[PDB]
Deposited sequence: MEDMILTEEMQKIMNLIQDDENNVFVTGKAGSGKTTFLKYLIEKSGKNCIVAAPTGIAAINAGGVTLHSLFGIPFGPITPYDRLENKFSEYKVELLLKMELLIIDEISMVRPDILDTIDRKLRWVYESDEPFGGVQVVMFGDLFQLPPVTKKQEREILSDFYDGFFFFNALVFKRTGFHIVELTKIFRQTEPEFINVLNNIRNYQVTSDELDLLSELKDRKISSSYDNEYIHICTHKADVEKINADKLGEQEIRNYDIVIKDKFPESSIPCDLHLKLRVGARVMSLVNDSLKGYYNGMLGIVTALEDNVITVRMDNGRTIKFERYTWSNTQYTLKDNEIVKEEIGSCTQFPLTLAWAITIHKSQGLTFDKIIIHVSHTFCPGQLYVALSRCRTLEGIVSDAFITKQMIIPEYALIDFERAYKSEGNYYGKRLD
């Protein structure tokens, strides 16, 4: 039983073939309105998002899954690493509209990599292969994570590190609408404080509403979720729950060469009945995708049985990761698998990073924000909850947790003064 704000009506006919970027405060109804348009579109829509949890929340898959995109940045001079199977092309030409939720965490070059890969399959110079595309997200929440060495690599090509700095907006553009009804939260004394943490204009008197969060009793269990700034805090929290007793350890097996730096899974996956888990890969067959959460019910020597948040029981077998590297063969340069690891594609999920929690909704969260470092990271971390009564904090909410990004004010200025559009018009 959902409301359609007057703004939501204003969008829809704009699409029936210009592109559109829809933004608005945390819990303004972006991710739900998105779900509703996939029905009322008449177009074959394919849904993807930068991270698996947000993707699961929106219906679809990660952007790297969808477009077979390797991890590192991709320049105009870099060669496309991966080719598409004939299924994934079927998926992409049959696609009429592409969606992207939590667009704010998407690097500029991802879009250009998606641009190039789509122009290639549609055999056209149309931007994106002439595929209408609509973007959901919010710039004043989390930006894309990049690692500085990656950043200078793209400073050679990009005047900025946000999704709108994609070079294909030199060949096309999008409209911009701001949904303005915050649904998820109801107390305005609350709501007013986050809108201000969002736009960097909050005062230490409004921050004194958030005094209650410091040091409240754990009413569990209905149990709490822990969302953190760093994985260090994540791994400790879940080891703290779960505990040392009644445990089953499952060790990774690693064929040859695969450095512990980039093993994408748990080395020693320790679990007990009733442990809260997340799945890390996609298996269409069984139906698990990377982001879904479950509850573990049956641990045998080689199969882990877990019942998902959606309801269906899965039997997890182990999954194998391959370390493909580039090497020299009979005077040929070729990606040869130099190793492999094999664990169950599961990890503990009583605690997740604030990054993985963007897009989600909760009734009782626990936040660990004493060491924030990204703009809008605090803002995401405490806008997840419907009510304040339901949030705990590891430290007081100080203004040192708010980090403004002035690239974002300029971007609003640019589009708000030019009729809510951005990029080349046609």
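- Positions of the deposited sequence absent from the coordinates, in order: 1 to 2, 19 to 20, 226 to 227, 433.
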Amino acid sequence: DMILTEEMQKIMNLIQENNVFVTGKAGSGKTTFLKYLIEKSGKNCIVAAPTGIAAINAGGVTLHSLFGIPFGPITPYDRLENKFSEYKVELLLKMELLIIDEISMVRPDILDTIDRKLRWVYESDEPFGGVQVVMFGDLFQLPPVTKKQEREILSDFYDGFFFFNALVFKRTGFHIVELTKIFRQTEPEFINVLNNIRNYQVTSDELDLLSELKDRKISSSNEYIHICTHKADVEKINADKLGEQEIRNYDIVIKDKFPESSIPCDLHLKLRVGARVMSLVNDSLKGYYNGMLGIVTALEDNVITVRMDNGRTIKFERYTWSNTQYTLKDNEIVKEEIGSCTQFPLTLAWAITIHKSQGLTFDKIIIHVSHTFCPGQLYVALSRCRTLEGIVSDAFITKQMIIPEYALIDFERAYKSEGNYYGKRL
From here on, numbers count along this sequence of modelled residues.
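- Of the two segments examined, 105 to 113 and 316 to 324, it is 316 to 324 that shows the higher average Cα temperature factor in the deposited entry.
- Annotation for 118 to 126 versus 276 to 284: the higher mean temperature factor (C-alpha) is found in 118 to 126.
- Across 234, 293, 135, 333, the greatest Cα temperature factor reported in the deposited entry is at 333.
- Across 148, 356, 226, 270, the greatest Cα temperature factor reported in the deposited entry is at 148.
- When all modelled residues of the chain are sorted by CA temperature factor, residue 200 is found within the middle third.
- For residue 174, the recorded CA temperature factor ranks within the middle third of the chain's modelled residues.
- Sort the modelled residues of the chain by CA B factor and residue 264 lands in the middle third.
- Ranked within its chain, residue 162 lands in the lowest third, by CA B factor from the PDB record.
- When all modelled residues of the chain are sorted by CA temperature factor, residue 343 is found within the middle third.
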